[PDB]
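Asks: Handing you a structure now.
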Amino acid sequence: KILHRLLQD
Amino acid sequence: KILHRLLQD
Amino acid sequence: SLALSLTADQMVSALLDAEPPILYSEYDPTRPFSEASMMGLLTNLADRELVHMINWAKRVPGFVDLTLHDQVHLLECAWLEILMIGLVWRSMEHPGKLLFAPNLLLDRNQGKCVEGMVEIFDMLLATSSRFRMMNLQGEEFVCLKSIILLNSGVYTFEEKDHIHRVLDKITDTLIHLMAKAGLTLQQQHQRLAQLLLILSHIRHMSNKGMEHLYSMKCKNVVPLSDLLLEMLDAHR
Amino acid sequence: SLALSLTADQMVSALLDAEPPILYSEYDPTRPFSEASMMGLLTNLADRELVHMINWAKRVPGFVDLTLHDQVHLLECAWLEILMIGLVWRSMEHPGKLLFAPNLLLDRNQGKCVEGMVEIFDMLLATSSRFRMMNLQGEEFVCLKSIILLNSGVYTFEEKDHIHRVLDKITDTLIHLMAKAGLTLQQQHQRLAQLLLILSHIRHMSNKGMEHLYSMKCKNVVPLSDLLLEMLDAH
Ligand SMILES: O/N=C/c1cc(-c2ccc(O)c(F)c2)ccc1O
């Protein structure tokens, strides 16, 4: 997910 | 207006 | 108004005295469920519960001091919330099961008999585990149910000032009960906060259950009583 | 964790420090609004705010201590709630108007540009009038917004014990603020209750707005960003 990507960094 | 009637009685 | 002159213990007594009874379903345990049979049972039970809810609302202190349409607006907006928090309260002593009626005890597997019902079931079961984890008291339950009635539709309208005063009186009553049970001041406002945040979830379950009913109505799986359709049309 | 060690004023300072910026719209007030244009403006603004919210969420005390998918779950259920309470907060000093951006100030009648939008506008306006009536403080606002992030999705899940401990701390922070403002204990309980009952209505506005977006997504009046579609299909 994009949300998982933005949360990672 | 069924809800009206039950609130009167 | 007379509700403002009430004391905390007198507020508790009036709420407990107005509690609606636990109704039985038309269920027949030789009829394994179809989809229309379960939805028909759930809608038939909700219809008969609404009749007791209306007469319960008139016994909530301060509710009669409102105009007729204001009473209609609050009940139209909160009726499913009130049904659900009552269902969750009944199911407290039955972990993993939803006590719709004493002869109608369903678990998570039964919900699959209706399209999209299991999602609402798990949310309802999660609320019951939360009441059980918090060891919610009956005196707190009737306060939360009264708060739902007065708060859910208040911002969707002097009448609001009265509602906000009665709401403050229920808060004083909740704090009063927690002080009686020996809770410290920090535990009081922490438990008060924990109880009131449940209402955000009960509100969420109501909106999800509201759209599920409107789909089952549109798809015409089961016909609905006129009163239940009027409460349902009020949210569209 | 480190969030439990925070004092009351240190909690407020951290939340105030992590406040996201106020973004400007791509709006041109020469142009009149088509229904697709106003929707494109609002959704474009919401998409850029989501990027800052994701970075704001990571600074909320206790949020990083959660596993990745638990962070994903809390944001997926509360993202529109957080956008709406921020919009309501920005609009406190503009009665009868919604300050989406400093250059995008809309009123009731302009919400009729979109089908079913004016119903959402009136709820957002009514919420803003309530904050103005209560005279909500910025220290109280940042606490409520952090409560939304941690509370809205917790029951849709040890991880809960940590969240509930952080939530209890924010409650202590709200009470500590009201005690500093000179409120009596009865006034503290009531105001705390009044503020938390707002969150019930904010959940209701998010649910309705969530269904309004999913409606405009199917009618293809205007497409939305992929990030916005990911959050939208979470509901
Ligand atoms: O997602 N939908 C859930 C649902 C729940 C009820 C219901 C009926 C009676 C109750 O006491 C109660 F708490 C709930 C009736 C119809 C429904 O579709």
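By order in the structure tokens, chains are A, B, ...; within a chain, residues start at 1; ligands start at 1, following the order shown.
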Leaving out stretch 42-44 of chain C and any residue of its chain fewer than 3 positions from it, which residues lie within 9 Å of it when counting only C-alpha atoms, given as number ranges by chain?

Replies: C: 25-26, 37-39, 47-49, 100, 222-225, 228

Asks: Could you write those residues out with N, CA and C atoms, as a PDB file, in the first residue's frame?

Replies:
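Saved result, part04.pdb, follows:
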ATOM      1  N   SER C  25     -37.966 -13.399  20.612  1.00  0.00           N
ATOM      2  CA  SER C  25     -38.139 -13.492  19.173  1.00  0.00           C
ATOM      3  C   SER C  25     -39.253 -14.478  18.834  1.00  0.00           C
ATOM      4  N   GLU C  26     -39.747 -14.378  17.602  1.00  0.00           N
ATOM      5  CA  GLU C  26     -40.673 -15.355  17.047  1.00  0.00           C
ATOM      6  C   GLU C  26     -39.978 -16.638  16.605  1.00  0.00           C
ATOM      7  N   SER C  37     -35.221 -15.579   6.578  1.00  0.00           N
ATOM      8  CA  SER C  37     -35.753 -15.951   7.886  1.00  0.00           C
ATOM      9  C   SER C  37     -35.039 -15.203   9.005  1.00  0.00           C
ATOM     10  N   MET C  38     -33.714 -15.078   8.914  1.00  0.00           N
ATOM     11  CA  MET C  38     -32.968 -14.373   9.953  1.00  0.00           C
ATOM     12  C   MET C  38     -33.207 -12.870   9.878  1.00  0.00           C
ATOM     13  N   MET C  39     -33.166 -12.303   8.670  1.00  0.00           N
ATOM     14  CA  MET C  39     -33.437 -10.876   8.520  1.00  0.00           C
ATOM     15  C   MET C  39     -34.860 -10.540   8.942  1.00  0.00           C
ATOM     16  N   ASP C  47     -38.682  -4.071  15.302  1.00  0.00           N
ATOM     17  CA  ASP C  47     -39.945  -3.342  15.245  1.00  0.00           C
ATOM     18  C   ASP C  47     -40.629  -3.323  16.608  1.00  0.00           C
ATOM     19  N   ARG C  48     -40.683  -4.476  17.278  1.00  0.00           N
ATOM     20  CA  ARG C  48     -41.311  -4.530  18.593  1.00  0.00           C
ATOM     21  C   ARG C  48     -40.473  -3.820  19.650  1.00  0.00           C
ATOM     22  N   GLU C  49     -39.147  -3.810  19.492  1.00  0.00           N
ATOM     23  CA  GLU C  49     -38.303  -3.078  20.431  1.00  0.00           C
ATOM     24  C   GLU C  49     -38.475  -1.571  20.293  1.00  0.00           C
ATOM     25  N   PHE C 100     -29.583 -11.423  20.926  1.00  0.00           N
ATOM     26  CA  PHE C 100     -30.688 -10.645  20.373  1.00  0.00           C
ATOM     27  C   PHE C 100     -31.954 -10.844  21.196  1.00  0.00           C
ATOM     28  N   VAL C 222     -36.435  -8.946   2.403  1.00  0.00           N
ATOM     29  CA  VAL C 222     -37.485  -9.080   3.408  1.00  0.00           C
ATOM     30  C   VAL C 222     -38.279  -7.780   3.481  1.00  0.00           C
ATOM     31  N   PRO C 223     -39.609  -7.841   3.488  1.00  0.00           N
ATOM     32  CA  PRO C 223     -40.405  -6.622   3.654  1.00  0.00           C
ATOM     33  C   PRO C 223     -40.318  -6.097   5.079  1.00  0.00           C
ATOM     34  N   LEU C 224     -40.525  -4.789   5.211  1.00  0.00           N
ATOM     35  CA  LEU C 224     -40.316  -4.081   6.464  1.00  0.00           C
ATOM     36  C   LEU C 224     -41.608  -3.431   6.935  1.00  0.00           C
ATOM     37  N   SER C 225     -41.748  -3.317   8.254  1.00  0.00           N
ATOM     38  CA  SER C 225     -42.892  -2.617   8.819  1.00  0.00           C
ATOM     39  C   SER C 225     -42.832  -1.137   8.462  1.00  0.00           C
ATOM     40  N   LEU C 228     -40.674   0.892  10.785  1.00  0.00           N
ATOM     41  CA  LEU C 228     -39.251   0.653  10.567  1.00  0.00           C
ATOM     42  C   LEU C 228     -38.769   1.293   9.272  1.00  0.00           C
TER      43      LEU C 228
END

Asks: Compile the contact shell of residue C:110 as a PyMOL selection string: residues with an atom at most 12 Å away, counting only C-alpha atoms, same-chain residues fewer than 6 positions apart removed.

Replies: chain C and resi 32-35+37-39+96-98+104+116-122

Asks: In Å, with one decimal, what is the gap from atom CA of residue D:26 to atom CA of residue D:110?

Replies: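 Distance reported for this atom pair: 17.1 Å.
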
Asks: Report the residues of stretch 66-234 of chain C whose backbone DSSP state falls under strand (DSSP E or B), written as a PyMOL selection string.

Replies: chain C and resi 97-101+104-107

Asks: Kindly indicate which residue among D:199, D:148, D:104, D:126 lies nearest to residue D:29, using only C-alpha atoms for the distances.

Replies: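 Checking each of D:199, D:148, D:104, D:126 against residue D:29, counting only C-alpha atoms, the winner is D:104.
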
Asks: Near residue D:137, within 12 Å and counting only C-alpha atoms, which residues show up once chain neighbours fewer than 3 positions away are dropped, as a ChimeraX atom specification?

Replies: /D:12,16,89-90,92,131-134,140-144,174,177-178,181,191,195

Asks: I need the chain C residues near chain D as a PDB file with C-alpha atoms, in the first residue's frame; criterion: at most 8 Å, counting only C-alpha atoms.

Replies:
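Result went into result_7.pdb, see below:
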ATOM      1  CA  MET C 123     -18.020  -4.982  15.640  1.00  0.00           C
ATOM      2  CA  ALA C 126     -15.928  -6.268  19.996  1.00  0.00           C
ATOM      3  CA  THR C 127     -18.067  -3.728  21.858  1.00  0.00           C
ATOM      4  CA  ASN C 151     -26.496  13.708  21.838  1.00  0.00           C
ATOM      5  CA  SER C 152     -26.676  11.847  18.516  1.00  0.00           C
ATOM      6  CA  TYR C 155     -26.094  19.145  16.394  1.00  0.00           C
ATOM      7  CA  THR C 156     -28.394  18.134  13.512  1.00  0.00           C
ATOM      8  CA  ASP C 168     -24.136  17.757  31.928  1.00  0.00           C
ATOM      9  CA  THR C 171     -22.082  13.446  33.314  1.00  0.00           C
ATOM     10  CA  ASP C 172     -22.423  14.498  36.956  1.00  0.00           C
ATOM     11  CA  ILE C 175     -18.988  10.745  37.994  1.00  0.00           C
ATOM     12  CA  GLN C 186      -7.845  10.126  38.151  1.00  0.00           C
ATOM     13  CA  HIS C 189     -12.164  11.013  34.457  1.00  0.00           C
ATOM     14  CA  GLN C 190     -10.215   8.165  32.840  1.00  0.00           C
ATOM     15  CA  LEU C 192     -15.526   8.633  32.041  1.00  0.00           C
ATOM     16  CA  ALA C 193     -13.377   9.111  28.937  1.00  0.00           C
ATOM     17  CA  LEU C 196     -17.717   8.133  26.114  1.00  0.00           C
ATOM     18  CA  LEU C 197     -15.276   7.037  23.402  1.00  0.00           C
ATOM     19  CA  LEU C 199     -20.124   6.127  21.623  1.00  0.00           C
ATOM     20  CA  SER C 200     -17.946   6.938  18.608  1.00  0.00           C
ATOM     21  CA  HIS C 201     -17.876   3.218  17.765  1.00  0.00           C
ATOM     22  CA  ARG C 203     -22.262   5.548  16.189  1.00  0.00           C
ATOM     23  CA  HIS C 204     -20.052   3.904  13.556  1.00  0.00           C
ATOM     24  CA  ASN C 207     -24.186   3.991  10.253  1.00  0.00           C
TER      25      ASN C 207
END

Asks: Would you mind listing, as a VMD selection string, all residues of chain A that have at least one atom within 7 Å of chain D, where only C-alpha atoms are what counts?

Replies: chain A and resid 2 to 4 7

Asks: How would the residues just picked look written out with C-alpha atoms as an mmCIF file, in the first residue's frame?

Replies:
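Generated file (out_21.cif):
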data_model
loop_
_atom_site.group_PDB
_atom_site.id
_atom_site.type_symbol
_atom_site.label_atom_id
_atom_site.label_comp_id
_atom_site.auth_asym_id
_atom_site.auth_seq_id
_atom_site.Cartn_x
_atom_site.Cartn_y
_atom_site.Cartn_z
ATOM 1 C CA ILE A 2 0.968 3.635 -0.499
ATOM 2 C CA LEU A 3 0.084 4.241 3.153
ATOM 3 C CA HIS A 4 2.529 1.519 4.204
ATOM 4 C CA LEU A 7 4.633 5.235 6.905
#

Asks: Got a sec: who's within 7 Å of stretch 139-148 of chain C, counting only C-alpha atoms, leaving out chain neighbours fewer than 2 positions off, as a PDB file with N, CA and C atoms, in the first residue's frame?

Replies:
ATOM      1  N   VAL C  12     -30.390   8.216  38.681  1.00  0.00           N
ATOM      2  CA  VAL C  12     -30.145   6.791  38.463  1.00  0.00           C
ATOM      3  C   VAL C  12     -31.435   5.995  38.604  1.00  0.00           C
ATOM      4  N   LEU C  15     -33.802   6.316  35.625  1.00  0.00           N
ATOM      5  CA  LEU C  15     -33.313   5.633  34.431  1.00  0.00           C
ATOM      6  C   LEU C  15     -33.486   4.123  34.550  1.00  0.00           C
ATOM      7  N   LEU C  16     -33.124   3.555  35.703  1.00  0.00           N
ATOM      8  CA  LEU C  16     -33.320   2.124  35.916  1.00  0.00           C
ATOM      9  C   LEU C  16     -34.799   1.759  35.883  1.00  0.00           C
ATOM     10  N   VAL C  60     -37.129   9.302  29.975  1.00  0.00           N
ATOM     11  CA  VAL C  60     -35.790   9.842  30.195  1.00  0.00           C
ATOM     12  C   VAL C  60     -35.945  11.274  30.693  1.00  0.00           C
ATOM     13  N   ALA C  78     -31.016   8.287  16.544  1.00  0.00           N
ATOM     14  CA  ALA C  78     -30.338   7.446  17.522  1.00  0.00           C
ATOM     15  C   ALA C  78     -30.964   6.071  17.722  1.00  0.00           C
ATOM     16  N   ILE C  82     -29.345   3.005  19.899  1.00  0.00           N
ATOM     17  CA  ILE C  82     -29.934   2.566  21.160  1.00  0.00           C
ATOM     18  C   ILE C  82     -30.214   1.067  21.132  1.00  0.00           C
ATOM     19  N   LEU C 136     -18.606  -2.928  32.760  1.00  0.00           N
ATOM     20  CA  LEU C 136     -19.610  -1.871  32.737  1.00  0.00           C
ATOM     21  C   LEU C 136     -20.760  -2.204  33.677  1.00  0.00           C
ATOM     22  N   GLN C 137     -21.166  -1.221  34.472  1.00  0.00           N
ATOM     23  CA  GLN C 137     -22.268  -1.387  35.405  1.00  0.00           C
ATOM     24  C   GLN C 137     -23.585  -1.001  34.747  1.00  0.00           C
ATOM     25  N   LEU C 150     -29.914  11.897  23.575  1.00  0.00           N
ATOM     26  CA  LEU C 150     -29.867  13.352  23.593  1.00  0.00           C
ATOM     27  C   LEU C 150     -28.737  13.933  22.755  1.00  0.00           C
ATOM     28  N   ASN C 151     -27.683  13.166  22.488  1.00  0.00           N
ATOM     29  CA  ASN C 151     -26.496  13.708  21.838  1.00  0.00           C
ATOM     30  C   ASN C 151     -26.419  13.419  20.347  1.00  0.00           C
ATOM     31  N   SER C 152     -26.919  12.267  19.894  1.00  0.00           N
ATOM     32  CA  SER C 152     -26.676  11.847  18.516  1.00  0.00           C
ATOM     33  C   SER C 152     -27.258  12.834  17.510  1.00  0.00           C
ATOM     34  N   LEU C 167     -27.444  16.849  29.509  1.00  0.00           N
ATOM     35  CA  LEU C 167     -26.246  16.053  29.256  1.00  0.00           C
ATOM     36  C   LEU C 167     -25.210  16.254  30.353  1.00  0.00           C
ATOM     37  N   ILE C 170     -26.180  14.188  33.311  1.00  0.00           N
ATOM     38  CA  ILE C 170     -25.833  12.776  33.203  1.00  0.00           C
ATOM     39  C   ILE C 170     -24.343  12.572  33.445  1.00  0.00           C
ATOM     40  N   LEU C 174     -22.716  10.109  36.089  1.00  0.00           N
ATOM     41  CA  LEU C 174     -21.674   9.119  35.837  1.00  0.00           C
ATOM     42  C   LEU C 174     -20.526   9.269  36.829  1.00  0.00           C
TER      43      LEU C 174
END

Asks: Can you measure atom CA of residue C:106 to atom CA of residue C:20 for me? One decimal in Å is fine.

Replies: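 So the two atoms, atom CA of residue C:106 and atom CA of residue C:20, lie 21.3 Å apart.
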
Asks: Here is a test: counting only C-alpha atoms and all ligand atoms, which residue of C:64, C:221, C:87, C:178 is nearest to ligand 1?

Replies: C:87

Asks: From the list C:81, C:161, C:9, C:230, which residue is nearest ligand 1 when using only C-alpha atoms and all ligand atoms?

Replies: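 Closest to ligand 1 of all the choices is C:81.
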